[PDB]
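What's in protein30.cif: mmCIF, C-alpha atoms
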```
data_run
loop_
_atom_site.group_PDB
_atom_site.id
_atom_site.type_symbol
_atom_site.label_atom_id
_atom_site.label_comp_id
_atom_site.auth_asym_id
_atom_site.auth_seq_id
_atom_site.Cartn_x
_atom_site.Cartn_y
_atom_site.Cartn_z
ATOM 1 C CA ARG A 1 10.161 3.388 23.599
ATOM 2 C CA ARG A 2 7.442 1.811 21.456
ATOM 3 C CA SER A 3 7.716 3.864 18.265
ATOM 4 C CA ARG A 4 10.914 2.950 16.419
ATOM 5 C CA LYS A 5 9.472 -0.360 15.221
ATOM 6 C CA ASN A 6 5.673 -0.179 15.115
ATOM 7 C CA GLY A 7 5.992 1.975 12.011
ATOM 8 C CA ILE A 8 3.375 4.720 11.842
ATOM 9 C CA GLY A 9 3.247 4.468 8.062
ATOM 10 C CA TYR A 10 6.243 2.356 7.076
ATOM 11 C CA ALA A 11 4.571 -1.032 6.647
ATOM 12 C CA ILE A 12 1.092 0.297 5.877
ATOM 13 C CA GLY A 13 2.430 2.687 3.255
ATOM 14 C CA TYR A 14 4.605 -0.065 1.805
ATOM 15 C CA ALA A 15 1.609 -2.159 0.756
ATOM 16 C CA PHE A 16 -0.261 0.984 -0.290
ATOM 17 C CA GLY A 17 2.399 1.887 -2.835
ATOM 18 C CA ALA A 18 2.006 -1.533 -4.434
ATOM 19 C CA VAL A 19 -1.792 -1.398 -4.605
ATOM 20 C CA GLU A 20 -1.320 1.614 -6.878
ATOM 21 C CA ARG A 21 1.096 -0.083 -9.276
ATOM 22 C CA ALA A 22 -1.533 -2.798 -9.708
ATOM 23 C CA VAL A 23 -4.075 -0.423 -11.246
ATOM 24 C CA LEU A 24 -1.361 1.738 -12.803
ATOM 25 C CA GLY A 25 -0.503 -0.963 -15.322
ATOM 26 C CA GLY A 26 -3.747 -2.855 -15.778
ATOM 27 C CA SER A 27 -6.916 -0.936 -14.946
ATOM 28 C CA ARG A 28 -8.953 -3.043 -12.522
ATOM 29 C CA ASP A 29 -12.287 -2.968 -14.352
ATOM 30 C CA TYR A 30 -14.162 -4.616 -17.222
ATOM 31 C CA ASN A 31 -17.862 -4.712 -18.097
ATOM 32 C CA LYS A 32 -19.802 -3.687 -21.205
#
```
Reformat the file's structure so that it appears as structure tokens.
Amino acid sequence: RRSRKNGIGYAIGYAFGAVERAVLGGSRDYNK
């Protein structure tokens, strides 16, 4: 019964997709 809520990759993937957009626009890096 414990499966249709825990989200195997629903929540985790949700935040993952955002982490990409962060670097997509402004590259996370700066030095010399």
What are the centre and the three edge lengths of an axis-aligned box that wraps all atoms of range 12-27 of chain A in the file, given that 3 Å is added to every side, written as JSON and rounded to one decimal in Å?
```
{"center_x": -1.2, "center_y": -0.1, "center_z": -5.0, "size_x": 17.5, "size_y": 11.5, "size_z": 27.7}
```
For CA of residue 10 in chain A and CA of residue 24 in chain A, the interatomic separation in Å (one decimal):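 Result for CA of residue 10 in chain A versus CA of residue 24 in chain A: 21.3 Å, one decimal.
Note that CA of residue 12 in chain A and CA of residue 25 in chain A are 21.3 Å apart.
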Separation of CA of residue 7 in chain A from CA of residue 21 in chain A, in Å and rounded to one decimal: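 We find that CA of residue 7 in chain A and CA of residue 21 in chain A lie 21.9 Å from each other.
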For range 3-32 of chain A, supply N, CA and C atoms and report the output as a short mmCIF file (atom, residue, chain, number, x, y, z; two decimals), keeping the file's coordinate frame.
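Below is the file that was written, out_6.cif:
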```cif
data_model
loop_
_atom_site.label_atom_id
_atom_site.label_comp_id
_atom_site.auth_asym_id
_atom_site.auth_seq_id
_atom_site.Cartn_x
_atom_site.Cartn_y
_atom_site.Cartn_z
N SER A 3 7.95 2.94 19.37
CA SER A 3 7.72 3.86 18.26
C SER A 3 8.66 3.57 17.10
N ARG A 4 9.91 3.25 17.43
CA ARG A 4 10.91 2.95 16.42
C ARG A 4 10.85 1.48 16.02
N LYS A 5 9.67 1.02 15.63
CA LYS A 5 9.47 -0.36 15.22
C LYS A 5 8.04 -0.59 14.74
N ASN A 6 7.08 -0.03 15.47
CA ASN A 6 5.67 -0.18 15.12
C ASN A 6 5.41 0.36 13.71
N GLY A 7 6.16 1.38 13.33
CA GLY A 7 5.99 1.98 12.01
C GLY A 7 4.64 2.64 11.85
N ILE A 8 4.61 3.96 11.98
CA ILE A 8 3.38 4.72 11.84
C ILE A 8 2.80 4.59 10.44
N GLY A 9 3.68 4.59 9.44
CA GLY A 9 3.25 4.47 8.06
C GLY A 9 4.28 3.79 7.18
N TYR A 10 5.19 3.05 7.81
CA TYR A 10 6.24 2.36 7.08
C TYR A 10 5.69 1.11 6.39
N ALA A 11 5.14 0.20 7.18
CA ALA A 11 4.57 -1.03 6.65
C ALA A 11 3.29 -0.76 5.87
N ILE A 12 2.36 -0.04 6.51
CA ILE A 12 1.09 0.30 5.88
C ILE A 12 1.31 0.96 4.52
N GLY A 13 2.15 1.99 4.49
CA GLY A 13 2.43 2.69 3.26
C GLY A 13 3.10 1.80 2.22
N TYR A 14 3.90 0.85 2.69
CA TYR A 14 4.61 -0.06 1.80
C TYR A 14 3.63 -0.81 0.90
N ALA A 15 2.62 -1.42 1.51
CA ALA A 15 1.61 -2.16 0.76
C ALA A 15 0.75 -1.22 -0.08
N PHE A 16 0.54 -0.01 0.42
CA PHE A 16 -0.26 0.98 -0.29
C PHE A 16 0.38 1.35 -1.63
N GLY A 17 1.69 1.54 -1.62
CA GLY A 17 2.40 1.89 -2.84
C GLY A 17 2.26 0.83 -3.91
N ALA A 18 2.15 -0.43 -3.50
CA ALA A 18 2.01 -1.53 -4.43
C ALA A 18 0.60 -1.58 -5.02
N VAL A 19 -0.40 -1.38 -4.17
CA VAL A 19 -1.79 -1.40 -4.61
C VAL A 19 -2.02 -0.43 -5.77
N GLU A 20 -1.21 0.62 -5.82
CA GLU A 20 -1.32 1.61 -6.88
C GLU A 20 -0.74 1.08 -8.19
N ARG A 21 0.43 0.47 -8.10
CA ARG A 21 1.10 -0.08 -9.28
C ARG A 21 0.21 -1.12 -9.96
N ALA A 22 -0.63 -1.78 -9.18
CA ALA A 22 -1.53 -2.80 -9.71
C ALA A 22 -2.49 -2.20 -10.73
N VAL A 23 -3.13 -1.09 -10.36
CA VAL A 23 -4.08 -0.42 -11.25
C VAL A 23 -3.35 0.44 -12.27
N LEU A 24 -2.16 0.90 -11.91
CA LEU A 24 -1.36 1.74 -12.80
C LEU A 24 -1.15 1.05 -14.15
N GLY A 25 -0.74 -0.21 -14.10
CA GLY A 25 -0.50 -0.96 -15.32
C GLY A 25 -1.79 -1.45 -15.96
N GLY A 26 -2.50 -2.33 -15.26
CA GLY A 26 -3.75 -2.86 -15.78
C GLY A 26 -4.95 -2.37 -14.99
N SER A 27 -5.73 -1.48 -15.60
CA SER A 27 -6.92 -0.94 -14.95
C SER A 27 -7.82 -2.06 -14.43
N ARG A 28 -8.10 -2.03 -13.14
CA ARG A 28 -8.95 -3.04 -12.52
C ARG A 28 -10.43 -2.76 -12.80
N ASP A 29 -10.90 -3.18 -13.97
CA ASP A 29 -12.29 -2.97 -14.35
C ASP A 29 -12.56 -3.54 -15.74
N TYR A 30 -13.77 -4.04 -15.94
CA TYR A 30 -14.16 -4.62 -17.22
C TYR A 30 -15.62 -5.05 -17.20
N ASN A 31 -16.44 -4.39 -18.02
CA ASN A 31 -17.86 -4.71 -18.10
C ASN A 31 -18.57 -3.82 -19.11
N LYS A 32 -19.10 -4.43 -20.16
CA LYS A 32 -19.80 -3.69 -21.20
C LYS A 32 -18.93 -2.56 -21.76
#
```
